[PDB]
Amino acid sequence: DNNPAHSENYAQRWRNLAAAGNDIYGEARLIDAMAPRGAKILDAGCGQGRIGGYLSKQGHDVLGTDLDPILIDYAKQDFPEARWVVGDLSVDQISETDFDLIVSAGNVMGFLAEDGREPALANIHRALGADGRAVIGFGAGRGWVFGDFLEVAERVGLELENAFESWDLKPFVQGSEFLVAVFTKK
């Protein structure tokens, strides 16, 4: 009996998040630590803008892209000092470039079709500035085998700089169940 008249408006969203008090900004903290001040940052697969929105509040120039139009609408309401766009990274080229940082923190790789994976990563690569970095974090057993992911990344020209098993920089080791991979361009 669920329908779109059951969802939260702007007030309710804001109050419910402040009242939840959840540690939801870990990924944003890492990107902030890596960023120069006023960096240009792409939140790739941004959902309703949790990471990019936080970054916009730190004075960065943020663009968030996601395929879900309802969530981009929430982002536009919640974070009007950032820029937000509906698009599917596997099929729709990102036309903007020279991003200092690009972050993927969605952790929803299983929804990305196999044939969309290389185009998605080539897309990231093209949007990256010459001296920019891409930081992509997702879990084991959540739609993408880490070795294939790295292979696809390297094939499109994203060069692994380092890898961690968490957004708080614990080292990626044998049997690690999560990957945060940092890439440079070319």
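Numbers for residues come from their place in the sequence shown, where the first is 1.
Looking at mean Cα B-factors across 53 to 61 and 139 to 147, the upper value is held by 139 to 147. Between 5 to 13 and 161 to 169, the higher mean Cα B-factor belongs to 5 to 13.
The PDB entry assigns its highest CA temperature factor, among 82, 108, 103, 72, to 108. Remark: residue 47 belongs to the lowest third of its chain, ranked by C-alpha B-factor as recorded.
Per-chain ranking of the deposited C-alpha B factor places residue 119 in the highest third.
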